[PDB]
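What follows draws every value from the coordinates through simple rules; no lab data is involved. Reconstructed Cβ throughout: ideal geometry from the backbone, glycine too, with neighbour counts over all protein chains shown.
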Amino acid sequence: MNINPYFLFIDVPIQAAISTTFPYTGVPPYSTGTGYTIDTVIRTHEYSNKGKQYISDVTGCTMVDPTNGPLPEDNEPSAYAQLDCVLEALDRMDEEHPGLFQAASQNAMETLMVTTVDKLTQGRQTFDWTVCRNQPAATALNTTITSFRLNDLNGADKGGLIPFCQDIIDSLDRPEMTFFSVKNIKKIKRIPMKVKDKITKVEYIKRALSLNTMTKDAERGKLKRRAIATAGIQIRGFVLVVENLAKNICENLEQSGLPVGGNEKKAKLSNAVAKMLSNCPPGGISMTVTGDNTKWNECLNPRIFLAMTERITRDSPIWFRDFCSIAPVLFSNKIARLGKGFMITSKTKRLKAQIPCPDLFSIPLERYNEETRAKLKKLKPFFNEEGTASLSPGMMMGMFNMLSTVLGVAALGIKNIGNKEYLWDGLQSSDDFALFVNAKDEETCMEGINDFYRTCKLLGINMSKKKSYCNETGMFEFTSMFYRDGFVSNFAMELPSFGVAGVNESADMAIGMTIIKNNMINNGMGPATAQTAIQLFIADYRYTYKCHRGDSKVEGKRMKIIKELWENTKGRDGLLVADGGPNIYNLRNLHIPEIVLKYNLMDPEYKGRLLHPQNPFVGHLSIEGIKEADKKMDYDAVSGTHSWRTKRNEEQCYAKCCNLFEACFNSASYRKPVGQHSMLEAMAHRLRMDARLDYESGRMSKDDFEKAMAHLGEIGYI
Amino acid sequence: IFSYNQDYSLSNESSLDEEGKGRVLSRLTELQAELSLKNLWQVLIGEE
Amino acid sequence: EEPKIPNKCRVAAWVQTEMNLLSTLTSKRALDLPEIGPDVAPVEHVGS
Amino acid sequence: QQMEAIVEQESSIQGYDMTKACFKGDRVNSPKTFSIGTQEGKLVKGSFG
Amino acid sequence: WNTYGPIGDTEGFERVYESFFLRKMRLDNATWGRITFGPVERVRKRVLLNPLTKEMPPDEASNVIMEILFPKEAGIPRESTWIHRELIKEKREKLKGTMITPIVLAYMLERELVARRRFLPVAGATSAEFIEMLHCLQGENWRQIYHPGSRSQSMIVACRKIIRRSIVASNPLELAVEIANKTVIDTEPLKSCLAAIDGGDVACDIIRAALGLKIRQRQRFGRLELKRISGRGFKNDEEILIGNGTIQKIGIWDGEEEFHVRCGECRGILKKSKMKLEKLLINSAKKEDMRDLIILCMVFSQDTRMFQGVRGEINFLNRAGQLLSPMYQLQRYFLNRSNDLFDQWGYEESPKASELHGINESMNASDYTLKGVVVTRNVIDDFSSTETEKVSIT
Amino acid sequence: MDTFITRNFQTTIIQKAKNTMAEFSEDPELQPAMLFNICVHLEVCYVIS
Amino acid sequence: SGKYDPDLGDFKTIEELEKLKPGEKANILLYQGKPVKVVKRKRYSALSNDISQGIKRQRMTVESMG
């Protein structure tokens, strides 16, 4: 007999056993990204090559404009979006909703006038032009703030995001641009120093418009690799504001799957399918198109997004309309950086060398491989001398998720073309759409599907005819969630979440148990599965921190001490799993931290030692993560010896200033301080008061008081 | 006339007692502090 | 260097035999799991 | 997980718990058998385990 | 250190981590029961994950925390410490005598006060005590019996009384807000439980609007909670003859529209055109709730059949003695006499299908249903995007 | 800003400020700072009286 | 009431603040610093009551004129 796992589907529906199909247990694919970036640029320009090709006179880089371009005559992807059709869809959406555009725009403006510059510190890695690399958002923002100070640019000290965006827009006009660059001076040692460097206006414009690239290695279910783009800090404010506006608009739209996540999305899915089933005529058919859009960002022109921003803010202050239209302008004239370049080697001499991108065309193309040969022969027209590709048309993945979703919902909501005897409506979310078409027969259902496909092709949207299919309503999939006959199996993909959280013992344990309980609540993880997950997690947790049961004969550094503690203390049911104690957690008490769980079972000496008011292993500065576990997940833990932190792997200026302010005003670490005065004088007054109180209480000597007073005296606030 | 920085100008100093001026100033200071916490203070622009 | 594409192979026979053999009982057991707390609710009894 | 779901589905049908019935069977329900393999073009069943 | 070393103080944990030990107490003293392996119907609801000592908005929570554990930096106490004075003094006394770092206590107090709410699939009780154990209680194809180890009715009554008192007078808003902020429930003004729960009865929503608070923007018509899905209805005045023979000039909605409709425990989807109800989908929740939903949606839809089904008279008032608009007069008439428009509405064949099944005029799950009404044996989850949009008060 | 006005001011003072703005044909929504100033003026006047 | 007013010298704590009789002037720190001058209260206040009474007087005046 020859076994066959697929035969399981003979006796079980695929959706029921869908979890086993996905290989979400092996090693996810991982990676030069220059080839992929060049290919992406090539495809983006190829789809829009028939547009209007001109040369930007502000930067000198070639630009291709597909908007209002020739209507496609083939199924191939098309970025030729007609502006009038986009405005028609927007107008239909506006008519179908009561002043939604006005409310969303006003709320976006109000929350923008309240936003601070420091909000730009959130997010992921960002392109830094002072070094032309990818740096953490906080560091990039700090460096750009520092550089702006030299060229007479200010507004960061002014607080709100409005002055920062205003002086960012101003910076594009300064005849020069001075900043600090890293200089790895040789002395042999390579020591980094700060060198005051300057660049011209064109170079600065190119740097600001440049989009850095990286390989999307983390992907799990795709063989071919995609490139993710990181933008600079000079686009983050505008992109953030437009994204917030689009989120405000799309949240009300019942057709939008974002930004709601979790059981809310399932609720929306089931409610929508039930609605469409209810709305079907008598004996008619409601067909569901399971769609998976491709080239969702290589066909969306930023000019269409500029038009959408202008139409959305039809009635708003001129200043806000201008401000929110900057992001589409910056994206419509963007430039793409190109990885690290190809590598050429000779095997007859065992020699290899990576060729930096600026030197791509310094070599005869007859030496690159034929594929890269064609890639470069096609990329030559748009190649910048500095080593960047002029990429005007299209968008990089991840920038305008909300705005693209709003455009998709606009396409969905037309609901009819030519008053044909059918209707359509659906769910759209960031490159994944599920459509429903109701008619009186299958033929009319596909007439409607074809009409919707054509309408999508009029906005740059090109549904994938290879990754999509159609069937009867009541069975489909949306964003990897499967619906069949009312049964929505949360596809079990949260399996790679049972490892230790890697923050500390107690916190890792709390996070793991909360993860188990949340999975039980949401994904339908059965009680036996939850018990086995507890078992496996406890095994991994004991192994990773070298703390097994004290009785067990395992050897280790901390294990000897655990063994000692095992008999040095009588009460053996109160020890923690980090102290070789017996596991006590079960399904009924996953919501209780174990320290409180075992509080009764502990011994007075043990609880006194572990729960000491002061612990050298516990520090105030270590409390930052006690609320949210990095997605920010809330976990409940208990102060104790096991609440420690791991070793670390104008910087010092800001860091130590903030640290000292926190140490002076202990309330600052919890809630935002309030005051319209310099930090120095606040600290001086507080320290003077504290010194006087310490002396009056006898905690400080008289010589100590005099010294303190002198210092505080010198400072100038006594 | 009362200002947000805990100072005032009165044509006659006997028109209002200590409690009234203290209470109005406390309300103004609370409003200022709440605005600063919400960052509306800088955005706020006076009667001119 | 020209890209090295994977070879285009055929159906082997060892994969099927290993699939069969790894899916059979053996007198030897290695997989062991840590204990958990006592089960007091009926639901956790069913789970156990 | 999947097997859990399977068992739960069975439990949905008739009220009592079947984890002993699906695995080994009982006096009222036969042991659960899937289709596992084949031989000479003849598909073969297989126990729950 | 866990083995030897300095021995600390055990007192602080008795009260500092009060919420955790209360969780353990509720678990230990809970009583378990049987397990029902049959399928469980679950509805997606906005539920509070954990019980709260006194629910308050985040800003008030932060101010209270600072007033508790940060004696310094307490300039100009706002109109929030007097409301929570009892909580302030209780927590202050309890936490005194400790040595834990202040940030830990601040975060624990934030957990104990600031509310945490989420969308969850629930079936049965919904109090935070049951939500804590929802992972064990519920189940897609299994359910367990669990019993864990008031002010609402009083606030409903107080808000209704305030509404009735203020309406009869002129300029009701100022009088209503005066009474609302001058009222108290045994330790605190009415802005201590109104601000706690999300939404509530229509009277509470109106009072919250009169006061300063956020109210869910669902449209309340009688008892119906309506959420528009699509379409725009033009409210145009029209002269329509009522079934009683009289002619009334009232506003009618031209154009098609659809609303998610809720009433008590009944949820559904309603699709209506001008002067006609088109479709209604419901789930079987409760006979009383289903009848209320059907009748109220009937009156709201302004179906010509509903007008032609009137048989008595419409001259009613309220407890304050005022003449209402014809819509609410019809609402009261039909609710008082439910078997008025039901008889002459007309019947429709049962929804022949796998699950769709009909319901008769008596609310029993009997076939030969009402024209348009349909009961699906599925779960309808509605009322998304609770934006709490800006709402004015006249 | 309007959210702050709603939170920190009673509905009565907001209504009076809105009426005053309407008398001057000034939109409260387009000038939230002016509405806040008028509300503060009314509140301080009432507090004085 | 008032600004720093250094006439009192250094600041005083809450415990020493209570020692002052009603109506005195004290130099205190508000929030994170912000020196100010304060006066001990002789009563307990209710802003809502004041606003309600003001509205009542205003509408009484409106009705009387009407």
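Taking the listed residues A:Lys375, A:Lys380, A:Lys420, A:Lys415, the one that is in contact with a helix residue (DSSP H, G or I) (Cβ under 8 Å, 6 or more places away or on another chain) and more than 30 Å from A:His45 (Cβ to Cβ) is A:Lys420, with no other qualifying. I'd like to verify a number: residues in region A:471-523 that are within 14 Å of chain C (Cβ to nearest Cβ) and on the phi > 0 side of the Ramachandran plot, how many? So the count comes out to 0. From the list A:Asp74, A:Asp57, A:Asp84, A:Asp94, the lone residue that is surrounded by fewer than 17 Cβ atoms within 10 Å (Cβ to Cβ), out of contact with any strand residue (DSSP E or B) (no Cβ under 7 Å at 6 or more places or on another chain) and over 23 Å from A:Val329 (Cα atoms) is A:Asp74. Within region E:109-125, can one find any residue that is charged (D, E, K, R), within 28 Å of the chain's Cα centre (by Cα), closer than 30 Å to E:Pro39 by Cα and facing chain A (nearest Cβ under 10 Å)? Yes; the residues of region E:109-125 include at least one that is charged (D, E, K, R), within 28 Å of the chain's Cα centre (by Cα), closer than 30 Å to E:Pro39 by Cα and facing chain A (nearest Cβ under 10 Å). Just one of (1) polar (S, T, N, Q); (2) outside any loop (DSSP other than H, G, I, E, B); (3) touching a helix residue (DSSP H, G or I) at 6+ places or on another chain (Cβ under 8 Å) fails for A:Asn212. It is (3). State whether one or more residues within region E:70-77 are within 8 Å of chain A (Cβ to nearest Cβ) and either closer than 24 Å to A:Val618 by Cβ or under 26 Å from the mean Cα position of the chain (by Cα) (or both). Within region E:70-77 (the criterion being within 8 Å of chain A (Cβ to nearest Cβ) and either closer than 24 Å to A:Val618 by Cβ or under 26 Å from the mean Cα position of the chain (by Cα) (or both)), the answer is yes, since at least one residue qualifies.
Okay, residues lined up against (1) out of contact with any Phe, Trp or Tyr (no Cβ under 9 Å at 6 or more places or on another chain); (2) of a type in the set (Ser, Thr, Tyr); (3) over 24 Å from A:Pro5 (Cβ atoms):
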site: C:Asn7; (1), (2), (3): yes, no, yes
site: C:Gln16; (1), (2), (3): yes, no, no
site: C:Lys28; (1), (2), (3): yes, no, no
site: C:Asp39; (1), (2), (3): yes, no, yes
site: C:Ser48; (1), (2), (3): yes, yes, yes
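Yes or no, residue by residue, for (1) among the hydroxyl-bearing types (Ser, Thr, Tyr); (2) surrounded by 15 or more Cβ atoms within 10 Å (Cβ to Cβ):
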{"position": "A:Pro5", "(1), (2)": "no, no"}
{"position": "A:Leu8", "(1), (2)": "no, yes"}
{"position": "A:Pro13", "(1), (2)": "no, no"}
{"position": "A:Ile18", "(1), (2)": "no, yes"}
{"position": "A:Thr25", "(1), (2)": "yes, no"}
{"position": "A:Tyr36", "(1), (2)": "yes, yes"}
{"position": "A:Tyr47", "(1), (2)": "yes, yes"}
{"position": "A:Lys50", "(1), (2)": "no, yes"}
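Strands (runs of 3 or more DSSP E) fully within region A:414-516 that include at least 1 residues being more than 23 Å from A:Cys280 (Cα to Cα): A:422-429, A:432-439, A:481-484, A:487-489. Quick one: in region D:1-28, which of the residues that are part of a loop (DSSP other than H, G, I, E, B), surrounded by 14 or more Cβ atoms within 10 Å (Cβ to Cβ) and within 10 Å of the chain's Cα centre (by Cα) is nearest to the other protein chains (Cβ to nearest Cβ)? Step by step, filter region D:1-28, then rank; the result is D:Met18.
For A:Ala16, the test of being within 14 Å of chain D (Cβ to nearest Cβ) and either under 18 Å from A:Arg454 (Cβ atoms) or within 33 Å of the chain's Cα centre (by Cα) (or both) is passed. The criterion of at least 1 residues that are loosely packed, with under 12 Cβ neighbours inside 10 Å and not aliphatic (A, V, I, L, M) is met by the following strands (runs of 3 or more DSSP E) wholly inside region A:334-404: A:343-346, A:351-354.
Restricted to helices (runs of 4 or more DSSP H) entirely inside region E:103-214, those with at least 3 residues that are among the small types (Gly, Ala, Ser) are E:151-168, E:202-210.
Matching residues to (1) in a loop (DSSP other than H, G, I, E, B); (2) among the small types (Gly, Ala, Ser); (3) within 14 Å of chain A (Cβ to nearest Cβ):
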{"residue": "G:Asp7", "(1), (2), (3)": "no, no, no"}
{"residue": "G:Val36", "(1), (2), (3)": "no, no, yes"}
{"residue": "G:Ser45", "(1), (2), (3)": "yes, yes, no"}
{"residue": "G:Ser52", "(1), (2), (3)": "no, yes, no"}
{"residue": "G:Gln58", "(1), (2), (3)": "no, no, no"}
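Taking region E:1-56 as the range and being assigned to a helix (DSSP H, G or I), surrounded by 14 or more Cβ atoms within 10 Å (Cβ to Cβ) and more than 9 Å from every other protein chain (Cβ to nearest Cβ) as the test, the residues that pass are E:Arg15, E:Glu18, E:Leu22, E:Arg26. Within region A:523-536, being buried (at least 22 other Cβ atoms within 10 Å of the Cβ) and of a type outside the set (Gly, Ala, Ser) holds for A:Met525, A:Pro527, A:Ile534. You will find that of F:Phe36, F:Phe4, the residue that is facing another protein chain (nearest Cβ under 8 Å), crowded, with 20+ Cβ neighbours inside 10 Å, out of contact with any strand residue (DSSP E or B) (no Cβ under 6 Å at 6 or more places or on another chain) and not charged (D, E, K, R) is F:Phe36 and no other. The requirement of being of a type outside the set (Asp, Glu), on the phi < 0 side of the Ramachandran plot and touching a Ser or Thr at 6+ places or on another chain (Cβ under 8 Å) is satisfied by E:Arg143. Residue count for region A:258-304 under the criterion of being within 13 Å of chain E (Cβ to nearest Cβ), out of contact with any helix residue (DSSP H, G or I) (no Cβ under 6 Å at 6 or more places or on another chain) and in a loop (DSSP other than H, G, I, E, B): the result is 7.
Considering (1) hydrophobic (A, V, I, L, M, F, W, C); (2) surrounded by fewer than 18 Cβ atoms within 10 Å (Cβ to Cβ); (3) assigned to a helix (DSSP H, G or I), the lone condition that A:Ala140 does not fulfil carries the number (2).
Out of all the residues in region C:28-37, is one or more more than 10 Å from chain A (Cβ to nearest Cβ), of a type outside the set (A, V, I, L, M) and farther than 30 Å from A:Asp573 by Cα? So far as region C:28-37 goes, yes, one or more of its residues are more than 10 Å from chain A (Cβ to nearest Cβ), of a type outside the set (A, V, I, L, M) and farther than 30 Å from A:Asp573 by Cα.
Scanning region A:586-641 for residues that are at the interface with chain E (Cβ under 8 Å from one of its Cβ atoms) and either of a type in the set (D, E, K, R) or on the phi > 0 side of the Ramachandran plot (or both) yields A:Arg588, A:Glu605, A:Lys607, A:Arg609, A:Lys627, A:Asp634, A:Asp636.
Scan region A:170-192 for residues that are surrounded by fewer than 10 Cβ atoms within 10 Å (Cβ to Cβ) and either assigned to a loop (DSSP other than H, G, I, E, B) or among the charged types (D, E, K, R) (or both) and jot them down. Within region A:170-192, A:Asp173, A:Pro175, A:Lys186, A:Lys187, A:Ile188, A:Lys189, A:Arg190 meet the criteria.
Please verify whether C:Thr17 is part of a loop (DSSP other than H, G, I, E, B) and not aliphatic (A, V, I, L, M), treating the condition exactly as stated. No, not satisfied.
Residue-by-condition table, conditions (1) out of contact with any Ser or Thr (no Cβ under 7 Å at 6 or more places or on another chain); (2) assigned to a loop (DSSP other than H, G, I, E, B); (3) at positive phi; (4) basic (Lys, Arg):
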residue	(1), (2), (3), (4)
A:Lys553	yes, yes, no, yes
A:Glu567	yes, no, no, no
A:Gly574	yes, yes, no, no
A:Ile584	yes, yes, no, no
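Kindly establish whether C:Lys4 is closer than 30 Å to A:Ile534 by Cβ, more than 7 Å from every other protein chain (Cβ to nearest Cβ) and in a loop (DSSP other than H, G, I, E, B). So C:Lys4 does not fit the description; no.
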